[PDB]
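Containing mmCIF, C-alpha atoms and all ligand atoms: query08.cif.
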```
data_my_file
#
loop_
_atom_site.label_atom_id
_atom_site.label_comp_id
_atom_site.auth_asym_id
_atom_site.auth_seq_id
_atom_site.Cartn_x
_atom_site.Cartn_y
_atom_site.Cartn_z
CA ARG A 74 -109.17 -133.17 105.49
CA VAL A 75 -105.80 -131.86 106.69
CA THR A 76 -102.73 -133.19 104.84
CA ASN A 77 -99.06 -132.35 104.46
CA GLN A 78 -99.72 -131.25 100.87
CA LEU A 79 -102.71 -129.08 101.75
CA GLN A 80 -100.72 -127.48 104.56
CA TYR A 81 -98.05 -126.61 102.00
CA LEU A 82 -100.57 -125.20 99.54
CA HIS A 83 -102.03 -123.03 102.31
CA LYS A 84 -98.88 -121.93 104.17
CA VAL A 85 -96.57 -121.59 101.12
CA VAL A 86 -98.55 -121.29 97.88
CA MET A 87 -101.57 -119.27 99.00
CA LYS A 88 -99.44 -117.19 101.37
CA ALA A 89 -97.23 -116.17 98.44
CA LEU A 90 -100.03 -115.55 95.96
CA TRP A 91 -102.51 -113.83 98.28
CA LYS A 92 -100.19 -110.95 99.19
CA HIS A 93 -98.73 -110.48 95.69
CA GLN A 94 -99.07 -107.03 94.15
CA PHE A 95 -100.98 -108.54 91.18
CA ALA A 96 -103.36 -110.61 93.35
CA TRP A 97 -106.10 -108.02 93.85
CA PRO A 98 -108.18 -108.78 90.70
CA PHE A 99 -108.29 -112.40 91.89
CA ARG A 100 -109.07 -112.12 95.61
CA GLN A 101 -112.87 -112.23 95.13
CA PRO A 102 -115.35 -113.69 92.63
CA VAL A 103 -115.74 -111.76 89.42
CA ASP A 104 -118.78 -109.49 89.79
CA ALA A 105 -120.02 -109.20 86.21
CA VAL A 106 -122.39 -106.31 87.03
CA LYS A 107 -119.77 -104.27 88.90
CA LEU A 108 -117.15 -104.96 86.23
CA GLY A 109 -119.41 -104.46 83.19
CA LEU A 110 -118.86 -107.99 81.82
CA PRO A 111 -122.37 -108.97 80.64
CA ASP A 112 -121.18 -112.12 78.80
CA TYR A 113 -118.76 -113.29 81.50
CA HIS A 114 -120.96 -116.10 82.81
CA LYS A 115 -121.95 -117.23 79.33
CA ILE A 116 -118.27 -117.86 78.58
CA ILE A 117 -116.91 -118.89 81.99
CA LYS A 118 -118.97 -121.78 83.38
CA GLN A 119 -116.86 -122.48 86.49
CA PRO A 120 -115.78 -119.19 88.09
CA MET A 121 -113.02 -119.42 90.68
CA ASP A 122 -111.02 -116.93 92.72
CA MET A 123 -108.41 -116.96 95.44
CA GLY A 124 -110.83 -115.85 98.15
CA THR A 125 -112.88 -118.99 97.54
CA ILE A 126 -109.75 -121.17 97.48
CA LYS A 127 -108.45 -119.59 100.69
CA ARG A 128 -111.78 -120.19 102.44
CA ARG A 129 -111.82 -123.81 101.27
CA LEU A 130 -108.29 -124.28 102.64
CA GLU A 131 -109.28 -122.59 105.91
CA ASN A 132 -112.41 -124.76 106.23
CA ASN A 133 -110.70 -128.06 105.33
CA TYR A 134 -113.03 -128.32 102.33
CA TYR A 135 -110.51 -130.14 100.15
CA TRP A 136 -109.78 -133.86 100.38
CA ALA A 137 -106.65 -133.90 98.18
CA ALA A 138 -104.06 -131.30 97.20
CA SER A 139 -104.76 -131.87 93.51
CA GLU A 140 -108.32 -130.57 94.07
CA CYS A 141 -106.92 -127.26 95.33
CA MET A 142 -104.42 -127.23 92.47
CA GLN A 143 -107.28 -127.65 89.98
CA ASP A 144 -109.10 -124.67 91.51
CA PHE A 145 -105.98 -122.53 91.08
CA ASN A 146 -105.72 -123.80 87.53
CA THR A 147 -109.37 -123.05 86.77
CA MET A 148 -108.97 -119.51 88.05
CA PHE A 149 -106.01 -118.81 85.76
CA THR A 150 -107.54 -120.59 82.76
CA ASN A 151 -110.75 -118.62 83.10
CA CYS A 152 -108.69 -115.46 82.78
CA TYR A 153 -106.89 -116.61 79.64
CA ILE A 154 -110.10 -117.83 78.02
CA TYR A 155 -112.25 -114.79 78.69
CA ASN A 156 -109.93 -111.83 78.21
CA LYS A 157 -108.23 -110.37 75.14
CA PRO A 158 -104.61 -111.49 74.66
CA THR A 159 -103.45 -107.89 75.14
CA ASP A 160 -105.30 -107.23 78.41
CA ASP A 161 -102.99 -106.52 81.34
CA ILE A 162 -104.97 -108.95 83.51
CA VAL A 163 -103.58 -111.77 81.37
CA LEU A 164 -100.04 -110.65 82.23
CA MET A 165 -101.02 -110.49 85.91
CA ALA A 166 -102.42 -114.03 85.82
CA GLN A 167 -99.33 -115.36 84.05
CA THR A 168 -97.12 -113.81 86.72
CA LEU A 169 -99.12 -115.38 89.54
CA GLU A 170 -99.35 -118.75 87.81
CA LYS A 171 -95.59 -118.95 87.34
CA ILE A 172 -95.20 -118.48 91.11
CA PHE A 173 -97.89 -121.12 91.66
CA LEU A 174 -95.98 -123.59 89.50
CA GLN A 175 -92.60 -122.71 90.99
CA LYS A 176 -93.98 -123.37 94.47
CA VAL A 177 -95.82 -126.52 93.48
CA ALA A 178 -92.53 -127.95 92.20
CA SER A 179 -91.38 -128.26 95.85
CA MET A 180 -94.64 -129.51 97.35
CA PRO A 181 -94.50 -132.66 99.52
CA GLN A 182 -94.60 -135.63 97.21
CA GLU A 183 -96.74 -138.35 98.84
CA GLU A 184 -99.93 -136.98 100.35
CA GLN A 185 -100.86 -138.42 103.75
CA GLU A 186 -103.49 -137.16 106.18
CA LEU A 187 -102.56 -135.34 109.40
CA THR B 76 -82.53 -134.98 88.17
CA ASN B 77 -85.00 -137.22 89.96
CA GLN B 78 -87.71 -134.64 89.17
CA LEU B 79 -86.77 -134.18 85.52
CA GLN B 80 -86.76 -137.96 85.01
CA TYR B 81 -90.24 -138.08 86.55
CA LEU B 82 -91.46 -135.30 84.25
CA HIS B 83 -89.99 -137.23 81.31
CA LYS B 84 -90.84 -140.88 82.01
CA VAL B 85 -94.04 -140.40 84.09
CA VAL B 86 -95.75 -137.11 83.21
CA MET B 87 -94.82 -136.62 79.56
CA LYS B 88 -95.17 -140.33 78.78
CA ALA B 89 -98.78 -140.19 80.00
CA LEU B 90 -99.66 -136.97 78.17
CA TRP B 91 -97.93 -137.97 74.94
CA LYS B 92 -100.15 -141.02 74.25
CA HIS B 93 -103.40 -139.35 75.35
CA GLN B 94 -106.15 -139.28 72.70
CA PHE B 95 -106.16 -135.46 72.84
CA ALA B 96 -102.36 -135.05 72.57
CA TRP B 97 -101.96 -135.09 68.79
CA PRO B 98 -102.32 -131.30 68.18
CA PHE B 99 -99.62 -130.67 70.80
CA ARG B 100 -96.89 -133.15 69.79
CA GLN B 101 -95.15 -130.71 67.41
CA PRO B 102 -94.90 -126.93 67.02
CA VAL B 103 -97.86 -125.08 65.56
CA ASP B 104 -97.23 -124.72 61.81
CA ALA B 105 -99.17 -121.51 61.23
CA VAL B 106 -98.73 -121.60 57.45
CA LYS B 107 -99.91 -125.19 57.08
CA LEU B 108 -102.79 -124.56 59.50
CA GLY B 109 -103.77 -121.19 58.02
CA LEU B 110 -103.33 -119.01 61.13
CA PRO B 111 -101.57 -115.86 59.88
CA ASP B 112 -102.08 -114.06 63.21
CA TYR B 113 -100.78 -116.93 65.37
CA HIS B 114 -97.24 -115.62 65.89
CA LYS B 115 -98.46 -112.04 66.23
CA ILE B 116 -100.46 -113.13 69.30
CA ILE B 117 -98.35 -116.01 70.65
CA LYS B 118 -94.79 -114.76 71.21
CA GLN B 119 -93.52 -117.87 73.05
CA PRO B 120 -94.63 -120.94 71.06
CA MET B 121 -94.27 -124.23 72.93
CA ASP B 122 -95.25 -127.87 72.34
CA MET B 123 -94.67 -131.32 73.81
CA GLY B 124 -92.27 -132.35 71.04
CA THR B 125 -89.99 -129.44 71.94
CA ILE B 126 -90.29 -130.19 75.67
CA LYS B 127 -89.61 -133.88 75.09
CA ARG B 128 -86.44 -133.13 73.12
CA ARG B 129 -85.32 -130.69 75.84
CA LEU B 130 -85.81 -133.47 78.39
CA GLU B 131 -83.76 -135.80 76.18
CA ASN B 132 -80.85 -133.35 75.73
CA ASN B 133 -80.46 -132.32 79.40
CA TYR B 134 -81.59 -128.81 78.47
CA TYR B 135 -83.33 -128.13 81.77
CA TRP B 136 -81.57 -127.39 85.04
CA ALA B 137 -84.64 -127.74 87.29
CA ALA B 138 -88.05 -129.39 87.03
CA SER B 139 -89.80 -126.03 87.47
CA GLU B 140 -88.31 -124.85 84.16
CA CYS B 141 -89.89 -127.80 82.39
CA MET B 142 -93.19 -127.31 84.23
CA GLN B 143 -93.19 -123.70 83.04
CA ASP B 144 -92.82 -124.87 79.42
CA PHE B 145 -95.84 -127.16 79.83
CA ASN B 146 -97.66 -124.19 81.32
CA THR B 147 -96.77 -121.93 78.39
CA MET B 148 -98.04 -124.49 75.89
CA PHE B 149 -101.46 -124.72 77.54
CA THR B 150 -101.72 -120.98 78.15
CA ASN B 151 -100.93 -120.20 74.49
CA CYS B 152 -103.89 -122.41 73.58
CA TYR B 153 -106.29 -120.58 75.88
CA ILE B 154 -105.01 -117.16 74.79
CA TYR B 155 -105.08 -117.69 71.03
CA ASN B 156 -108.28 -119.71 70.44
CA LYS B 157 -111.97 -118.91 70.80
CA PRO B 158 -113.55 -120.15 74.07
CA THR B 159 -115.79 -122.51 72.10
CA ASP B 160 -113.01 -124.25 70.14
CA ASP B 161 -112.57 -127.95 70.86
CA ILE B 162 -108.81 -127.46 71.20
CA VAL B 163 -109.44 -125.51 74.42
CA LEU B 164 -111.25 -128.52 75.89
CA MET B 165 -108.40 -130.79 74.77
CA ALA B 166 -105.80 -128.58 76.42
CA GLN B 167 -107.84 -128.37 79.64
CA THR B 168 -108.12 -132.16 79.80
CA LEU B 169 -104.36 -132.60 79.33
CA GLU B 170 -103.48 -129.85 81.77
CA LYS B 171 -105.58 -131.51 84.47
CA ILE B 172 -103.54 -134.69 83.99
CA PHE B 173 -100.31 -132.68 84.09
CA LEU B 174 -101.29 -131.14 87.46
CA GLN B 175 -102.45 -134.51 88.85
CA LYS B 176 -99.13 -136.16 87.99
CA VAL B 177 -97.10 -133.15 89.16
CA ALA B 178 -98.73 -133.41 92.59
CA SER B 179 -96.99 -136.78 93.04
CA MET B 180 -93.58 -135.68 91.74
CA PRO B 181 -90.80 -136.83 94.11
CA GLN B 182 -88.76 -134.37 96.15
CA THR C 76 -73.65 -109.16 119.25
CA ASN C 77 -71.12 -110.15 116.61
CA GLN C 78 -72.28 -113.68 117.43
CA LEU C 79 -75.94 -112.62 117.35
CA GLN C 80 -75.19 -110.72 114.13
CA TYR C 81 -73.80 -113.95 112.67
CA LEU C 82 -76.81 -115.91 113.95
CA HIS C 83 -79.14 -113.41 112.25
CA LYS C 84 -77.41 -112.60 108.96
CA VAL C 85 -75.83 -116.03 108.26
CA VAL C 86 -77.69 -118.76 110.17
CA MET C 87 -81.26 -117.46 110.10
CA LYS C 88 -80.85 -116.20 106.54
CA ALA C 89 -79.89 -119.69 105.35
CA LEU C 90 -82.50 -121.53 107.42
CA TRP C 91 -85.40 -119.14 106.81
CA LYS C 92 -85.33 -119.50 103.02
CA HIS C 93 -84.55 -123.25 102.94
CA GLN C 94 -87.22 -125.28 101.17
CA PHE C 95 -87.80 -127.31 104.36
CA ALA C 96 -88.43 -124.26 106.57
CA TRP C 97 -92.12 -123.82 105.87
CA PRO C 98 -93.49 -125.98 108.76
CA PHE C 99 -91.28 -124.02 111.17
CA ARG C 100 -91.79 -120.41 110.04
CA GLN C 101 -94.78 -119.82 112.35
CA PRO C 102 -95.98 -121.27 115.65
CA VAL C 103 -97.68 -124.64 115.64
CA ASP C 104 -101.43 -123.99 115.62
CA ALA C 105 -102.70 -127.10 117.40
CA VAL C 106 -106.31 -126.08 116.78
CA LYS C 107 -106.08 -125.45 113.03
CA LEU C 108 -103.83 -128.49 112.51
CA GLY C 109 -106.09 -130.73 114.62
CA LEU C 110 -103.59 -131.84 117.27
CA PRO C 111 -105.45 -131.83 120.61
CA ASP C 112 -102.42 -133.28 122.43
CA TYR C 113 -99.69 -130.96 121.12
CA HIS C 114 -99.58 -128.69 124.18
CA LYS C 115 -99.97 -131.58 126.61
CA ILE C 116 -96.72 -133.04 125.22
CA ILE C 117 -94.71 -129.95 124.16
CA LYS C 118 -94.25 -127.61 127.11
CA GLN C 119 -92.12 -124.94 125.34
CA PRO C 120 -93.31 -124.25 121.78
CA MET C 121 -90.78 -122.48 119.56
CA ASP C 122 -90.54 -121.56 115.88
CA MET C 123 -88.31 -119.69 113.47
CA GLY C 124 -90.72 -116.77 113.15
CA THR C 125 -90.33 -116.10 116.87
CA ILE C 126 -86.55 -116.51 116.70
CA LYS C 127 -86.31 -114.23 113.68
CA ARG C 128 -88.41 -111.55 115.37
CA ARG C 129 -86.23 -111.81 118.46
CA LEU C 130 -83.06 -111.32 116.45
CA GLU C 131 -84.54 -108.28 114.72
CA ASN C 132 -85.57 -106.69 118.05
CA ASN C 133 -82.29 -107.30 119.92
CA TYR C 134 -84.13 -109.62 122.31
CA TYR C 135 -81.37 -112.12 123.04
CA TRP C 136 -78.75 -111.40 125.68
CA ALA C 137 -76.30 -114.01 124.34
CA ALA C 138 -75.89 -116.23 121.30
CA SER C 139 -76.52 -119.29 123.46
CA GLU C 140 -80.13 -118.24 124.08
CA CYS C 141 -80.76 -118.06 120.33
CA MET C 142 -79.11 -121.44 119.77
CA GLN C 143 -81.20 -122.98 122.54
CA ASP C 144 -84.37 -121.67 120.89
CA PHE C 145 -83.37 -123.35 117.63
CA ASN C 146 -82.64 -126.52 119.57
CA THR C 147 -86.01 -126.45 121.35
CA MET C 148 -87.81 -126.04 118.02
CA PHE C 149 -86.11 -129.08 116.52
CA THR C 150 -86.45 -131.17 119.69
CA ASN C 151 -90.19 -130.47 119.95
CA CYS C 152 -90.59 -131.85 116.44
CA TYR C 153 -88.63 -135.03 117.21
CA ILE C 154 -90.49 -135.66 120.46
CA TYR C 155 -93.98 -134.99 119.13
CA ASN C 156 -94.02 -136.47 115.65
CA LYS C 157 -93.88 -140.10 114.63
CA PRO C 158 -90.40 -141.26 113.54
CA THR C 159 -91.60 -141.78 109.95
CA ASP C 160 -93.18 -138.34 109.41
CA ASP C 161 -91.50 -136.39 106.63
CA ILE C 162 -91.35 -133.40 108.98
CA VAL C 163 -88.81 -135.30 111.10
CA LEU C 164 -86.53 -135.64 108.09
CA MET C 165 -87.07 -131.97 107.35
CA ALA C 166 -86.01 -130.99 110.88
CA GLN C 167 -82.93 -133.22 110.68
CA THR C 168 -81.86 -131.57 107.43
CA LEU C 169 -82.33 -128.08 108.87
CA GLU C 170 -80.64 -128.87 112.17
CA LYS C 171 -77.55 -130.24 110.44
CA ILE C 172 -77.20 -126.95 108.54
CA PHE C 173 -77.77 -125.09 111.80
CA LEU C 174 -74.93 -126.98 113.51
CA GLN C 175 -72.62 -126.67 110.50
CA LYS C 176 -73.09 -122.90 110.47
CA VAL C 177 -72.78 -122.64 114.26
CA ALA C 178 -69.33 -124.26 114.13
CA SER C 179 -68.07 -121.28 112.10
CA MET C 180 -69.64 -118.60 114.30
CA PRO C 181 -67.36 -115.92 115.82
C1 LIG D 1 -110.44 -112.17 87.15
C2 LIG D 1 -110.81 -110.71 86.83
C3 LIG D 1 -110.78 -109.60 87.74
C4 LIG D 1 -111.21 -108.43 87.00
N1 LIG D 1 -111.45 -108.81 85.71
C5 LIG D 1 -111.89 -108.07 84.64
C6 LIG D 1 -112.09 -108.61 83.33
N2 LIG D 1 -111.88 -109.97 83.17
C7 LIG D 1 -111.45 -110.77 84.24
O1 LIG D 1 -111.25 -111.94 84.08
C8 LIG D 1 -111.24 -110.16 85.55
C9 LIG D 1 -112.20 -106.53 84.61
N3 LIG D 1 -111.17 -105.95 85.44
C10 LIG D 1 -110.01 -105.47 84.65
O2 LIG D 1 -110.02 -105.57 83.46
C11 LIG D 1 -108.72 -104.92 85.29
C12 LIG D 1 -107.91 -105.88 85.89
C13 LIG D 1 -106.70 -105.49 86.48
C14 LIG D 1 -106.30 -104.15 86.44
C15 LIG D 1 -107.13 -103.17 85.80
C16 LIG D 1 -106.71 -101.80 85.76
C17 LIG D 1 -107.53 -100.85 85.13
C18 LIG D 1 -108.75 -101.25 84.54
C19 LIG D 1 -109.15 -102.58 84.57
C20 LIG D 1 -108.32 -103.55 85.22
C21 LIG D 1 -111.15 -105.91 86.90
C22 LIG D 1 -111.12 -104.64 87.59
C23 LIG D 1 -111.12 -104.65 88.99
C24 LIG D 1 -111.16 -105.87 89.70
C25 LIG D 1 -111.12 -105.87 91.24
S1 LIG D 1 -112.76 -105.72 91.99
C26 LIG D 1 -112.53 -105.74 93.80
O3 LIG D 1 -113.44 -104.48 91.53
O4 LIG D 1 -113.66 -106.77 91.51
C27 LIG D 1 -111.18 -107.09 89.01
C28 LIG D 1 -111.23 -107.09 87.58
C1 LIG D 2 -101.92 -126.01 69.63
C2 LIG D 2 -102.68 -126.20 68.30
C3 LIG D 2 -102.61 -127.31 67.38
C4 LIG D 2 -103.50 -127.00 66.27
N1 LIG D 2 -104.09 -125.80 66.56
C5 LIG D 2 -105.00 -125.09 65.84
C6 LIG D 2 -105.54 -123.82 66.21
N2 LIG D 2 -105.10 -123.30 67.39
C7 LIG D 2 -104.16 -123.98 68.17
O1 LIG D 2 -103.78 -123.51 69.19
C8 LIG D 2 -103.63 -125.27 67.73
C9 LIG D 2 -105.63 -125.44 64.48
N3 LIG D 2 -105.94 -126.85 64.37
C10 LIG D 2 -107.44 -127.03 64.26
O2 LIG D 2 -108.14 -126.07 64.32
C11 LIG D 2 -108.24 -128.33 64.14
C12 LIG D 2 -109.00 -128.65 63.00
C13 LIG D 2 -109.74 -129.85 62.96
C14 LIG D 2 -109.74 -130.70 64.07
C15 LIG D 2 -108.99 -130.35 65.23
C16 LIG D 2 -108.96 -131.19 66.37
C17 LIG D 2 -108.22 -130.82 67.48
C18 LIG D 2 -107.48 -129.63 67.51
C19 LIG D 2 -107.50 -128.80 66.40
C20 LIG D 2 -108.26 -129.18 65.26
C21 LIG D 2 -104.91 -127.92 64.31
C22 LIG D 2 -105.02 -128.94 63.30
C23 LIG D 2 -104.04 -129.95 63.22
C24 LIG D 2 -102.95 -129.96 64.10
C25 LIG D 2 -101.88 -131.08 64.02
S1 LIG D 2 -100.91 -130.94 62.48
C26 LIG D 2 -99.42 -131.99 62.64
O3 LIG D 2 -101.74 -131.30 61.31
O4 LIG D 2 -100.57 -129.54 62.17
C27 LIG D 2 -102.83 -128.97 65.08
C28 LIG D 2 -103.80 -127.90 65.15
#
```

Output the structure of this file as structure tokens.
Ligand SMILES: Cc1cc2n3c(c[nH]c(=O)c13)CN(C(=O)c1cccc3ccccc13)c1ccc(CS(C)(=O)=O)cc1-2
Ligand SMILES: Cc1cc2n3c(c[nH]c(=O)c13)CN(C(=O)c1cccc3ccccc13)c1ccc(CS(C)(=O)=O)cc1-2
Amino acid sequence: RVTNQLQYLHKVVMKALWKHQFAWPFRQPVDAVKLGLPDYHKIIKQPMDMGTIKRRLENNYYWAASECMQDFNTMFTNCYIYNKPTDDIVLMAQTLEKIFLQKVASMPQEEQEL
Amino acid sequence: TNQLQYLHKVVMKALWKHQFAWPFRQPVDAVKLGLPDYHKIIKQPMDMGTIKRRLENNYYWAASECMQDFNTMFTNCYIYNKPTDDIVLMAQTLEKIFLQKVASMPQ
Amino acid sequence: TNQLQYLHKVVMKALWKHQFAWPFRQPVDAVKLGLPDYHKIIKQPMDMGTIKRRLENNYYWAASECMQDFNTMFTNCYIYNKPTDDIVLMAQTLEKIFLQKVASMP
């Protein structure tokens, strides 16, 4: 579907996050072989990344804005769960997530299809 | 504000009474709970009791500030605990409700 | 250009960052937004991204051209959308700020 809320998430939230200087670890699925993370998929059962979210927005995959919001949330939460508290990637995720939440605070309130 | 009243009377009210909310209704007492590393790892403790009181005392200026406090509380949980701990699943469940209700926050 | 300077550094700066600006920051994409009739109804599309680029490149010959582009943008929204769409309220809010700022232009 195409809704006011999903348009906002695409044109405002994803636009802001995708071009952020900390976005690059998150723009594609984690490649556990490339990154040397042999237990990644034992710990993280629902991988998510902003490339996948962006494609779903582009392809009208989502039915409700909350579904997109949950994908963003899963992506951040995966990072906090998997990594050590002191890893810089945690700081990068926190930074992006704060922007996510700041932008979501102004999202259109009542979702209706376009 | 309209938004802060929604976060207080709609979002928090729903999370507060949830069956998974009880670990989050007051600050983590690391001594009582036997977590001597908790405050070495978690530098910004947050909980729903603290957020609720801040909502009651007009502490916030904007809804986003309150949303960030919710966010910190959940994130602390994912950062501090082992992936396999039940408390992680409890936080996830609550955070999904938080985001669902936030989606419908008025403008 | 003092007027165009004002339109760029005061009017566009306020409107561009307003929380209601996001539907107007780029051209309407009738394909991606699924609106087969948009260009049958709206003959002169306009948006704040185009206006902003024109101010930056010294495109306009007079302030009135820039103001008319703002006006066209808002009018397209009112003509195309249903009266109850939130976007109509968003355009009304932005246009009132536009006119308020225009009254104090050199
Ligand atoms: C979600 C995610 C992304 C990455 N993740 C890693 C561990 N866990 C994760 O969740 C994770 C391992 N990883 C890092 O730790 C790392 C991060 C950021 C800056 C760095 C600077 C120096 C060294 C490492 C890093 C890197 C390295 C590079 C790429 C980009 S790409 C095109 O190659 O895939 C992605 C990740
Ligand atoms: C955010 C938070 C809250 C608690 N946390 C714990 C570890 N890390 C955390 O982040 C955390 C340690 N903790 C437990 O491990 C625990 C054991 C047995 C059953 C459980 C069921 C659900 C959740 C936790 C447990 C308990 C125990 C009790 C209370 C409530 S109270 C008034 O008595 O202090 C809070 C926590």

Residues of chain A within 10 Å of chain B, only C-alpha atoms counted, as an NGL selection string: :A and (78 or 116-117 or 137-140 or 142-143 or 146-147 or 149-159 or 163 or 167 or 170-172 or 174-184)

Distance filter 7 Å around ligand LIG 1 (chain D), atoms: all atoms listed in the file, out as a short mmCIF file (atom, residue, chain, number, x, y, z; two decimals) with C-alpha atoms, in the frame of the given file:
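Contents of the output file part-v3.cif:
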```
data_model
loop_
_atom_site.label_atom_id
_atom_site.label_comp_id
_atom_site.auth_asym_id
_atom_site.auth_seq_id
_atom_site.Cartn_x
_atom_site.Cartn_y
_atom_site.Cartn_z
CA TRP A 97 -106.10 -108.02 93.85
CA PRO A 98 -108.18 -108.78 90.70
CA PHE A 99 -108.29 -112.40 91.89
CA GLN A 101 -112.87 -112.23 95.13
CA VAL A 103 -115.74 -111.76 89.42
CA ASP A 104 -118.78 -109.49 89.79
CA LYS A 107 -119.77 -104.27 88.90
CA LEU A 108 -117.15 -104.96 86.23
CA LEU A 110 -118.86 -107.99 81.82
CA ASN A 151 -110.75 -118.62 83.10
CA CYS A 152 -108.69 -115.46 82.78
CA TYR A 155 -112.25 -114.79 78.69
CA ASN A 156 -109.93 -111.83 78.21
CA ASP A 161 -102.99 -106.52 81.34
CA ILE A 162 -104.97 -108.95 83.51
#
```

Nearby polymer residues, ligand LIG 2 (chain D), at most 8 Å, only C-alpha atoms and all ligand atoms, as a PyMOL selection string: chain B and resi 95+97-104+107-110+113+122+148+151-153+155-156+160-163+165

Show me a table, sorted first by chain and then by increasing residue number, of the residues of chain C having an atom at most 10 Å from chain A, each with its shortest atom pair and the distance in Å to one decimal, counting all atoms listed in the file and written as JSON lines.
```
{"residue": "C:94", "atom": "CA", "partner": "A:179", "partner_atom": "CA", "distance": 7.4}
{"residue": "C:95", "atom": "CA", "partner": "A:179", "partner_atom": "CA", "distance": 9.3}
{"residue": "C:97", "atom": "CA", "partner": "A:85", "partner_atom": "CA", "distance": 6.9}
{"residue": "C:98", "atom": "CA", "partner": "A:84", "partner_atom": "CA", "distance": 8.2}
{"residue": "C:100", "atom": "CA", "partner": "A:84", "partner_atom": "CA", "distance": 9.3}
{"residue": "C:101", "atom": "CA", "partner": "A:84", "partner_atom": "CA", "distance": 9.4}
{"residue": "C:107", "atom": "CA", "partner": "A:131", "partner_atom": "CA", "distance": 8.3}
{"residue": "C:108", "atom": "CA", "partner": "A:75", "partner_atom": "CA", "distance": 7.0}
{"residue": "C:109", "atom": "CA", "partner": "A:187", "partner_atom": "CA", "distance": 7.8}
{"residue": "C:110", "atom": "CA", "partner": "A:187", "partner_atom": "CA", "distance": 8.7}
{"residue": "C:160", "atom": "CA", "partner": "A:185", "partner_atom": "CA", "distance": 9.5}
{"residue": "C:161", "atom": "CA", "partner": "A:181", "partner_atom": "CA", "distance": 8.6}
{"residue": "C:162", "atom": "CA", "partner": "A:77", "partner_atom": "CA", "distance": 9.0}
```

Surrounding residues of residue C:140 excluding itself and chain neighbours under 5 positions, 10 Å, only C-alpha atoms, as a PyMOL selection string: chain C and resi 79+126+134-135+145-146

For atom CA of residue B:115 and atom CA of residue B:96, the interatomic separation in Å (one decimal): 24.2 Å

10 Å contact set for stretch 117-122 of chain C, all atoms listed in the file, chain neighbours under 3 positions out, as a VMD selection string: chain C and resid 96 98 to 103 112 to 114 125 to 127 144 to 152 154 to 155

Could those residues be written to a file, using C-alpha atoms, as a compact mmCIF listing (two decimals), in the coordinates of the input?
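What ended up in result.txt:
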```
# COMPACT_ATOMS: atom_id res chain seq x y z
CA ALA C 96 -88.43 -124.26 106.57
CA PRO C 98 -93.49 -125.98 108.76
CA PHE C 99 -91.28 -124.02 111.17
CA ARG C 100 -91.79 -120.41 110.04
CA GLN C 101 -94.78 -119.82 112.35
CA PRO C 102 -95.98 -121.27 115.65
CA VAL C 103 -97.68 -124.64 115.64
CA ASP C 112 -102.42 -133.28 122.43
CA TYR C 113 -99.69 -130.96 121.12
CA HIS C 114 -99.58 -128.69 124.18
CA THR C 125 -90.33 -116.10 116.87
CA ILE C 126 -86.55 -116.51 116.70
CA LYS C 127 -86.31 -114.23 113.68
CA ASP C 144 -84.37 -121.67 120.89
CA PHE C 145 -83.37 -123.35 117.63
CA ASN C 146 -82.64 -126.52 119.57
CA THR C 147 -86.01 -126.45 121.35
CA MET C 148 -87.81 -126.04 118.02
CA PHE C 149 -86.11 -129.08 116.52
CA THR C 150 -86.45 -131.17 119.69
CA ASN C 151 -90.19 -130.47 119.95
CA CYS C 152 -90.59 -131.85 116.44
CA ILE C 154 -90.49 -135.66 120.46
CA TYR C 155 -93.98 -134.99 119.13
```

Protein and nucleic acid residues near (-74.9, -122.4, 111.6) (cut-off 10 Å, all atoms listed in the file) as a VMD selection string: chain C and resid 81 to 83 85 to 90 142 169 to 180

Coordinates-based distance that separates atom CA of residue B:173 from atom CA of residue B:92 (Å, one decimal):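 If I compute the distance from atom CA of residue B:92 to atom CA of residue B:173, I get 12.9 Å.
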
Close residues, residue A:123 itself excluded, 9 Å, all atoms listed in the file, min 5 positions apart in chain, as a VMD selection string: chain A and resid 87 90 to 91 96 99 to 102 128 144 to 145 148

Output file for the residues above (C-alpha atoms, as a PDB file, keeping the file's coordinate frame):
```pdb
ATOM      1  CA  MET A  87    -101.570-119.270  99.000  1.00  0.00           C
ATOM      2  CA  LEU A  90    -100.030-115.550  95.960  1.00  0.00           C
ATOM      3  CA  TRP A  91    -102.510-113.830  98.280  1.00  0.00           C
ATOM      4  CA  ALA A  96    -103.360-110.610  93.350  1.00  0.00           C
ATOM      5  CA  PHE A  99    -108.290-112.400  91.890  1.00  0.00           C
ATOM      6  CA  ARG A 100    -109.070-112.120  95.610  1.00  0.00           C
ATOM      7  CA  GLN A 101    -112.870-112.230  95.130  1.00  0.00           C
ATOM      8  CA  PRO A 102    -115.350-113.690  92.630  1.00  0.00           C
ATOM      9  CA  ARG A 128    -111.780-120.190 102.440  1.00  0.00           C
ATOM     10  CA  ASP A 144    -109.100-124.670  91.510  1.00  0.00           C
ATOM     11  CA  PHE A 145    -105.980-122.530  91.080  1.00  0.00           C
ATOM     12  CA  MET A 148    -108.970-119.510  88.050  1.00  0.00           C
TER      13      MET A 148
END
```

Atom-to-atom span, atom CA of residue B:126 and atom CA of residue B:82, Å: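 Taking atom CA of residue B:126 as the start and atom CA of residue B:82 as the end point, the length is 10.1 Å.
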
Using the file's own x, y and z axes, so that the box edges lie along x, y and z, what centre and edge lengths in Å (one decimal) does a box around every listed atom of stretch 151-168 of chain C get when 6 Å is added on each side? Give it as JSON.
```
{"center_x": -87.9, "center_y": -136.1, "center_z": 113.5, "size_x": 24.2, "size_y": 23.3, "size_z": 25.8}
```

For chain B, the nearest of the candidates C:159, C:137, C:165, C:123, counting only C-alpha atoms: C:165
